[PDB]
Each structure stands twice: as structure tokens, then as C-alpha cells.
Amino acid sequence: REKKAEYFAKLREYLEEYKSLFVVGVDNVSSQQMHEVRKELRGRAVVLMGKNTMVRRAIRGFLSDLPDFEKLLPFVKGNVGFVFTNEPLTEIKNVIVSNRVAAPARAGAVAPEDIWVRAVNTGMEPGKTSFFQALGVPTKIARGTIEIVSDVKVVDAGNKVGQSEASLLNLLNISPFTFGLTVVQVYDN
Amino acid sequence: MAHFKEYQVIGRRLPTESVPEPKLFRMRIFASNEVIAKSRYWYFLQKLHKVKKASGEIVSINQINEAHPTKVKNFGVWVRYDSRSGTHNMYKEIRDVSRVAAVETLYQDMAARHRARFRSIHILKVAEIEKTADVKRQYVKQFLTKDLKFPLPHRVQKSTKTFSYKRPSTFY
Amino acid sequence: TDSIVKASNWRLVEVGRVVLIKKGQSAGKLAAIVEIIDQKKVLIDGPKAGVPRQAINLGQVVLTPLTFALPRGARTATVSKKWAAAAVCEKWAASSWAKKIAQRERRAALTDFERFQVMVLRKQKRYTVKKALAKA
Amino acid sequence: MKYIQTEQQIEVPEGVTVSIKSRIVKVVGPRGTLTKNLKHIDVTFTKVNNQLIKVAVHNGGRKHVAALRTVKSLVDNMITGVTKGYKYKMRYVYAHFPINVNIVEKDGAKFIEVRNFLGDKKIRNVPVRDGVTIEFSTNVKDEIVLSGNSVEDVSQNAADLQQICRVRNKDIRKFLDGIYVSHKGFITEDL
RNA sequence: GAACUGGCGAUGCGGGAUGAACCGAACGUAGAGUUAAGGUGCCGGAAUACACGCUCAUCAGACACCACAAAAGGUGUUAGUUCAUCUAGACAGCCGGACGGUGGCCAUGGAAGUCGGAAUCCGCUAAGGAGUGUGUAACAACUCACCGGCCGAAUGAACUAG
């Protein structure tokens with residue numbers, strides 16, 4: 001026993017006094033969205049959707065790691081992760097204020113509503129946006145006063161995204177789709 | 001050639017007036033007749049030591065006999081042979097009844113799976129393995145367990161006569 | 001409400017099953033399988049029948065449905081004693097195969113006078129059978 | 001090499017049962033009956049005691065032994081189907097031209113019509129075979145569900161439909177409007 | 001063109017769609033057993049026996065000189081060579097790793113992980129990277145790496161030739 005102590009006989013043994021519970025599942029989301037918000041108070045969060053080393057655990061049986069884990073006891077198949085966090089949830093709405101410049105999401109996912117935001121002039125040259133033959137964007141300009149000739153809806157929810165349609169369209173510095181709740185349980189003993 | 005035999009051979013490399021009593025070399029070789037046996041022994045001696053048939057003698061030949069022909073035996077075999085691109089060094093094992101039948105099966109197996117005619121094979125050793133849990137290959141490790149119950153279905157059988165009324169079956 | 005399967009039971013090769021040969025030096029003498037090498041080659045024994053101990057290919061041998069308990073790797077002194085103890089000949093000759101063999105042998109061996117006897121007796125049997133079959 | 005004797009266990013519950021001819025197999029259970037012909041490789045079956053059927057083969061190569069577990073999969077899957085039912089949920093997706101699907105009986109045939117698929121205007125027909133039914137899924141938008149006992153018939157029908165709803169001569173990754181499976185399960189749950 | 005022997009227009013043919021030159025072989029009339037450098041189910045005179053292998057080939061393959069194949073390759077099938085793990089029980093049933101450098105340089109009102117050029121380590125030591133690709137011509141940059149939940153046995157990698 002040389003390296004295993006640094007995980008079992010070190011971290012868990014020095015923090016075998018936790019009674020919090022934050023069970024989350026990354027089914028299909030931008031991983032860093034949940035990761036940075038689990039962090040920010042960095043150094044107290046690490047995903048550990050584990051593996052099957054419980055035969056060895058029972059061989060060395062003297063853990064008593066989480067007695068509050070008796071709820072999904074017939075779920076020995078892709079179990080949730082033994083992650084240790086004891087953070088508060090009354091911090092984001094008072095301590096941190098006026099961020100407003102975070103990074104957008106993957107840029108490409110499906111939006112909830114069909115919205116066309118009005119574009120303001122900036123004084124730049126046209127870029128590499130000569131790929132729109134399929135559906136396109138019929139528009140007309142007349143010194144700022146823009147006029148759309150026909151509307152197009154591209155896709156609904158429940159379908160994967162294209163490849164080269166996220167270059168110079170969303171130039172407002174807005175995250176297109178984070179806006180959701182993904183969590184299995186949030187308890188304290 | 002025919003069904004194999006095998007002999008022990010002893011040569012001497014005839015003496016000299018200044019250096020009498022040579023060292024007396026022995027080998028044991030597999031063949032079909034005493035003549036080709038001694039010829040192939042001389043061939044191996046040519047290859048492995050400096051001596052010539054015009055400068056030697058065969059001091060003894062003996063057609064040995066295997067001891068216990070009743071006991072089925074597990075024989076490991078080492079061989080070095082040449083092929084259409086290069087040479088190799090192979091090792092196998094066979095469950096058989098005697099060493100002559102072992103080598104007879106080995107030559108057919110090599111001619112099957114490597115096209116190694118008799119003119120390109122020479123055996124290094126054939127030894128016995130006596131205990132269990134020492135075989136290696138899963139085409140001979142089967143028949144060691146207890147109770148080898150199995151049929152061999154589809155019992156075909158020919159007919160000396162050319163015609164037949166009953167339209168036979170193949171039960172067994 | 002049953003899960004029926006027929007039988008799927010055919011005759012096997014196994015230490016103890018007496019066998020019969022068809023072509024070779026001995027030619028038609030029972031023998032007892034004692035050991036097994038691989039799919040084709042084994043060694044058999046039949047000392048009371050007078051065959052030596054040797055190895056024969058299974059294609060050269062015919063099987064039988066009789067058998068009895070044997071230990072592996074035995075030899076003549078044991079297999080002959082077990083053969084005599086089981087007394088296979090008490091039931092083999094009683095079986096409906098050696099009787100047909102003896103029938104073949106006698107029918108091939110008998111001569112002209114016996115043939116004429118069999119002819120007249122076959123006329124007798126035909127008469128007797130057809131008598132009872134005609135009326136009823 | 002040359003596995004002289006290799007077998008595989010297969011279980012059967014008490015409610016159902018099976019009868020094997022020389023080469024034909026016939027399962028019967030509460031949901032119904034089923035039959036199948038195995039004149040393909042000829043491997044042996046051996047009963048043990050009303051619950052355990054051993055499939056077996058003797059002397060063969062890997063090509064000859066693979067068929068053993070193949071027929072094990074066939075038989076245990078089909079008995080699972082006849083004792084538990086199978087179902088396939090497929091979905092519709094459309095970009096701008098919504099689909100119009102319907103079921104139409106005529107001469108005891110029961111075909112399915114598809115319309116407004118990328119603007120076509122003459123019928124896209126597809127038939128259905130016995131032992132399987134379909135109902136348009138209520139309280140949910142743009143789905144269909146096949147449900148049956150066997151698996152080969154229903155999977156083939158679903159594949160036939162999802163292959164018929166194909167398009168050519170357009171962009172190869174922009175157009176993704178058609179029909180495709182989504183869920184594969186049983187008519188019952190955990191039984 | 002030529003040396004060596006056995007062959008030649010003028011030199012007698014088994015094998016094949018013929019015979020100088022594909023092996024060159026020496027010749028009585030009725031007169032033995034085998035073959036000249038032979039194959040046998042039928043082109044028929046003769047054994048549809050014996051032991052292991054490829055063989056599905058949706059262009060199979062078939063007997064010397066003779067009437068044919070190699071770029072480059074095959075978890076298609078058999079047989080081997082070598083190297084590392086296993087009853088101190090690992091594989092195939094899902095995850096992520098962004099502390100300082102990542103705000104690193106081009107005539108002092110603006111350049112946040114190399115458009116025009118050098119460089120990829122440390123204290124850290126189960127997480128803990130200046131990155132194969134990287135939104136206005138960087139300021140707002142996401143995916144992935146010895147670690148971690150039941151059962152229970154052979155598996156993994158690289159080569160060799162039929």
C-alpha cells in the first residue's frame with residue numbers, strides 16, 4: 001500500500017465527518033457549466049462517478065464512509081459518485097453581484113423560442129459568412145433600417161447540431177442555452 | 001518411404017597412428033531403414049562437427065524398441081525447419097502411444113500446416129511429460145479430464161455392392 | 001403442460017463400452033475400450049477373444065450398446081477379470097445381433113443336401129401357414 | 001482446437017412451455033404460441049428437468065460453435081417475446097413540411113399511408129404483417145408504437161418503414177426529416 | 001554471338017490446340033515382365049480404401065521446362081514466435097480533471113493561452129494541462145488523460161507462414 005493511502009487513508013480519513021449530499025448526473029449538458037458552479041469556491045469539488053472496487057473495499061472493510069447512502073441500495077449499476085462537498089447555497093444571490101461577462105455556452109444548441117434580435121451597426125467588414133444556400137436569411141438594408149423578406153425556422157428540440165453555423169451570427173455576448181435545472185438530490189443529514 | 005522406425009547410431013572418426021582412441025560420438029535418429037538412418041546420422045555429423053565420410057567409421061547401429069507400448073503418453077517435440085521465406089524454431093506436443101507414431105503424425109501435421117517436406121525438417125528432441133497441469137495447448141489439454149463421454153455422429157458406411165433397395169439411414 | 005424432448009440419446013465412446021471390429025487381422029472379435037487419446041485413435045483389448053493389445057482408428061471399429069464399469073489405464077490382467085466378472089457373453093449372444101450373425105454363417109456354410117431338406121421343409125411350412133390363413 | 005463437446009444452458013419459467021420436433025420448435029405461453037424451423041445447423045437439445053434445456057454441439061470450428069450461442073439467443077429472445085411481449089416506439093421529426101400519416105384498411109390488407117413528406121403528392125404506401133398491431137400514442141406529440149409477440153416481424157416492419165422514409169438529391173446533412181426508432185422494450189415491465 | 005556435352009534443315013515422338021530447336025531418343029517378323037522424364041469416376045485399359053489440415057471461391061483450384069502474376073494489404077481460417085497481467089480477481093455495463101505562469105514581446109489614449117518570428121518545467125506529487133481543433137482581423141474560448149459503484153475467469157499487445 002503506497003499510492004492508495006493518498007486517496008483513501010488521506011483525503012477520506014481526514015474528512016470523514018461530512019453529512020452533505022449533492023447528487024447530480026451529467027446526462028447531456030456542457031460539462032463546464034455545472035463544473036465551474038460546483039467549483040468557483042475551487043478546491044472542494046471533484047466528480048467521482050466511480051467504478052467497481054468494492055470487492056477490495058469489503059476485503060479491507062472498515063470504512064463507514066457515508067451511512068446516509070442507504071436509499072438507492074439496489075442500484076449497483078452505474079452508481080452515482082462519492083463526491084465530498086459542504087458548500088452553502090445562499091452565496092450567489094448576495095456575495096457575488098454584477099458578473100455579466102461570463103462565457104457563452106457551446107454556441108449551436110437549440111433555443112426555446114423563435115426570436116430575431118435587431119442588429120445595430122458597428123462599422124466592420126463582412127467576414128466568412130458565404131454559407132447559406134440551403135435555407136438562408138432573406139434581408140434588405142437601407143441605412144440601418146433593415147427589412148426581412150421571409151422567415152425561416154431551422155430545427156426543434158430533440159436533434160443534434162450542425163458543424164459550421166456558429167461563426168458570426170450571435171455577436172451579442174449571450175449564452176444561448178444554459179437556463180436549466182439538473183440535479184438528482186440536494187440534502188443534508 | 002514407409003512406416004517409421006528409429007535407431008541409435010555410434011560413430012568414431014577412425015583413429016590415427018599418433019592420436020588413437022577418438023572420442024566416440026553417439027546419436028539417436030528417426031528413419032525407415034538402417035541405411036538411410038546411418039546416412040542421415042552422418043549428415044548431422046557433417047553439419048555439427050568437422051569429419052567426412054571418407055574419414056570416419058560407424059562403430060555401432062541398434063534398432064531400439066520403446067518400453068511400454070500400452071501407456072498412452074504426452075510427448076513434447078522441438079523442431080527447426082525452413083520455409084518459403086525463412087527458417088523457424090517450433091515446439092509442439094502430442095498425445096500418442098509411441099515415439100514412432102508420434103513422429104509419423106508430426107510429419108503429416110507439418111506437411112499439412114507448413115508444406116515442410118522431409119528434406120527440410122530435423123528434430124531437436126522429443127521428450128515425455130509425465131505429470132498433469134503441464135501441457136500448454138488447448139488442442140491436447142481436452143482429454144485429461146474425467147469421463148470423455150461423446151459420440152461421433154453421422155456414422156457413414158460404404159457398400160461393397162453398388163445398388164441398394166432400402167435407402168439406408170445414418171443412425172448411430 | 002410439459003416441456004417434452006424426445007431423447008437425443010445415441011451410443012457414445014467411453015471406457016467400458018465393448019466394441020466390435022469389421023476389417024483387419026482379428027476381423028470380427030469383440031474387444032473392450034480401455035483408454036482414449038483423441039477423436040480417432042484409441043487402444044482396445046480383448047484377451048479372452050484372443051486379440052492382442054494395440055491401437056486402432058475408430059473408423060476401423062464398430063460400436064455396441066453394452067458396457068460396464070472400468071478404471072482408466074488398466075491392462076490385460078484387470079480387463080480380462082472384469083470382462084469375465086461382468087459376463088458380457090451371457091447377454092451378447094442373447095441379443096438380436098449375434099443370433100443373426102450365426103444365422104448368416106450357418107446359411108452360408110450348409111451344403112446341398114441340407115439345402116434340399118430346407119426346401120422340402122419350407123414347402124411344409126408354407127402349406128401349414130396357408131392352411132390356417134385361407135379359412136381365417 | 002476442435003472443441004469435442006460444448007454446450008449452453010437455457011432456462012424456461014413454469015408458466016410457458018416448449019415442444020421440439022426433430023427440427024421444428026414450438027413455444028406456447030399465456031400470450032400465445034410461436035413456432036420456428038431450425039434446418040440451418042442441426043445441433044442437439046437435451047432436457048434436464050422441466051426448467052433447463054441444454055443446447056449442445058460436438059466437434060466443430062469456431063464458425064460451427066458460434067451458431068450454438070446464436071440459436072441460444074434466437075430461442076431465449078423469442079420465448080422472452082412470447083412470455084413478455086415486445087414493443088418499439090418510433091418518432092416523427094419535420095423541419096417545415098409536417099408529415100401526415102394514416103392507417104387504411106382495404107380487402108383485409110391494412111396498409112399505412114404517408115403524405116406531405118418533403119412535398120410529395122402521390123401515395124407513399126407500406127404494408128403490415130400479422131401478429132403485430134399499432135396505436136397512435138395519445139398524450140404525446142409525433143410518435144408511433146409497434147407492439148407484438150415475435151421480434152423478427154416487428155423489427156423488420158419498423159426497419160422497412162424507416163427505410164422507406166428516405167430522400168435523395170438534397171443536402172446530405174441539413175435535411176434530417178423522417179421516421180426512426182427510439183425505444184425498444186416490452187409490453188409488460190420487470191416480468 | 002560462343003565453350004561443354006546430349007540435339008539438327010536432310011534426323012522418325014509419351015503432354016498439351018500439331019512438331020527442327022518445350023526432357024532430346026538410336027530403329028528385324030510373328031515372340032516374357034516392366035516403362036522410356038506416367039496416371040487410375042468418366043475423355044478408358046485399371047482401387048470411388050487408408051491420417052491432419054484450406055475449401056466457400058458472388059473469376060476457387062488441377063501436376064516440368066508448357067502457355068503464368070506483383071502495387072499494397074485482410075478480428076477471413078489454421079499453426080507458431082515474442083512480450084507483458086491474472087483465484088493479493090484487472091478487461092468490455094458512465095464521468096471529469098484548466099493553482100502561478102494561460103493577463104509572456106514589436107517609435108510610453110487601448111492587444112486576455114503564437115495573423116507577419118524563439119520555448120514547452122517546476123513547488124505541488126487519486127483531482128490538478130500554456131495543448132491534435134481553437135467566434136468580432138486575441139478582449140466574451142468548450143470537449144479529453146494512472147482515480148474512484150456488483151458478479152466471477154482467461155484475457156491483452158506485436159510479429160511469423162499455410
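Computed from the coordinates by the stated procedures, all read-outs in this text should not be read as laboratory data. Because the Cβ atoms are built from the backbone with ideal geometry, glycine has one as well, and the counts that use them run over all protein chains shown.
Annotations
- Selection within region B:115-172 - β-branched (V, I, T) and within 14 Å of chain D (Cβ to nearest Cβ): B:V135, B:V140, B:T145, B:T170
- Of the residues making up region B:1-17, just one is over 26 Å from B:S98 (Cβ atoms) and not in a loop (DSSP other than H, G, I, E, B), namely B:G11.
- Scanning region A:134-146 turns up at least one residue that is surrounded by 10 or more Cβ atoms within 10 Å (Cβ to Cβ), within 14 Å of chain D (Cβ to nearest Cβ), touching an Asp or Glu at 6+ places or on another chain (Cβ under 8 Å) and assigned to a loop (DSSP other than H, G, I, E, B).
- The sole residue among B:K131, B:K125 that is away from RNA strand E (no atom under 12 Å from the Cβ) and more than 29 Å from C:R17 (Cβ to Cβ) is B:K125.
- Filtering region D:146-191 to residues that are aliphatic (A, V, I, L, M) and touching a residue at least 60 places away in the same chain (Cβ under 8 Å) leaves D:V151, D:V154, D:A158, D:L161, D:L176, D:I179, D:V181, D:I187, D:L191.
- Residue under evaluation C:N9, criteria (1) assigned to a helix (DSSP H, G or I); (2) more than 16 Å from RNA strand E (Cβ to nearest atom), criterion not met: (1)
- Of residues in region C:72-86 being of a type outside the set (V, I, T) and over 17 Å from C:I37 (Cβ atoms), the one surrounded by the most Cβ atoms within 10 Å (Cβ to Cβ): C:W83
- Check on A:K77, over 18 Å from A:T182 (Cα atoms), assigned to a loop (DSSP other than H, G, I, E, B) and within 6 Å of RNA strand E (Cβ to nearest atom): yes
- Only a single criterion out of (1) farther than 30 Å from A:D65 by Cβ; (2) without any contact (Cβ under 8 Å) to a residue 40 or more places away in the chain; (3) within 16 Å of RNA strand E (Cβ to nearest atom) is not satisfied by A:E113, namely (3).
- Extreme residue, surrounded by the fewest Cβ atoms within 10 Å (Cβ to Cβ), among residues of region A:2-59 that are under 27 Å from A:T90 (Cβ atoms), more than 7 Å from RNA strand E (Cβ to nearest atom) and among the polar types (S, T, N, Q): A:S20
Residues are listed down the side, and each one gets a yes or a no for (1) of a type in the set (D, E, K, R); (2) more than 30 Å from D:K26 (Cβ to Cβ):
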| site | (1), (2) |
| --- | --- |
| D:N100 | no, yes |
| D:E105 | yes, yes |
| D:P127 | no, no |
| D:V132 | no, no |
| D:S137 | no, yes |
| D:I144 | no, yes |
| D:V181 | no, no |
| D:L191 | no, no |
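- Listed here are the strands (runs of 3 or more DSSP E) enclosed by region D:1-47 that have at least 3 residues being closer than 21 Å to B:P153 by Cβ and among the hydroxyl-bearing types (S, T, Y), and there are none.
- Restricted to region D:72-97, and to residues there that are touching a strand residue (DSSP E or B) at 6+ places or on another chain (Cβ under 8 Å) and within 14 Å of chain A (Cβ to nearest Cβ), the residue that is nearest to D:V55 (Cα to Cα) is D:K89.
- Subset of region A:80-110 that is of a type in the set (G, A, S) and more than 8 Å from RNA strand E (Cβ to nearest atom) - its residue that is nearest to the other protein chains (Cβ to nearest Cβ): A:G108
Yes/no matrix, rows are residues, columns are (1) within 13 Å of RNA strand E (Cβ to nearest atom); (2) within 14 Å of chain C (Cβ to nearest Cβ); (3) of a type in the set (S, T, Y):
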site	(1), (2), (3)
B:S55	no, no, yes
B:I61	no, no, no
B:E66	no, yes, no
B:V72	no, yes, no
B:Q108	yes, yes, no
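- Of the strands (runs of 3 or more DSSP E) that lie entirely inside region D:97-168, those containing 2 or more residues that are under 26 Å from D:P30 (Cβ atoms) span D:132-136, D:143-148.
- Positions within region C:13-49 being facing chain B (nearest Cβ under 10 Å) and loosely packed, with under 15 Cβ neighbours inside 10 Å, in sequence order: C:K22, C:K40
- Candidate set from region C:29-69 (those that are over 19 Å from C:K81 (Cβ atoms) and touching a residue at least 40 places away in the same chain (Cβ under 8 Å)); member that is nearest to RNA strand E (Cβ to nearest atom): C:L58
- Scanning region D:1-39 for residues that are of a type in the set (K, R) and either away from chain B (no Cβ under 14 Å) or surrounded by 15 or more Cβ atoms within 10 Å (Cβ to Cβ) (or both) yields D:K21, D:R23, D:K26, D:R31, D:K36, D:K39.
- The single condition among (1) of a type in the set (A, V, I, L, M); (2) assigned to a strand (DSSP E or B); (3) within 14 Å of chain B (Cβ to nearest Cβ) that D:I53 does not meet is (3).
- The criterion of at least 3 residues that are among the charged types (D, E, K, R) is met, among strands (runs of 3 or more DSSP E) falling completely within region B:18-96, by B:73-82, B:87-96.
- Failed item in (1) in contact with a strand residue (DSSP E or B) (Cβ under 8 Å, 6 or more places away or on another chain); (2) within 9 Å of chain B (Cβ to nearest Cβ), with C:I56 passing the rest: (2)
- Tally, over region B:76-106, of residues that are of a type outside the set (V, I, T) and either closer than 22 Å to B:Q8 by Cα or more than 10 Å from RNA strand E (Cβ to nearest atom) (or both): 11
- For region D:157-173, the set of residues classified as under 19 Å from D:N116 (Cβ atoms), surrounded by 14 or more Cβ atoms within 10 Å (Cβ to Cβ) and not hydrophobic (A, V, I, L, M, F, W, C) consists of D:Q162 only.
- Condition check for A:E125: more than 16 Å from RNA strand E (Cβ to nearest atom) and either farther than 14 Å from A:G162 by Cβ or more than 14 Å from chain D (Cβ to nearest Cβ) (or both): no
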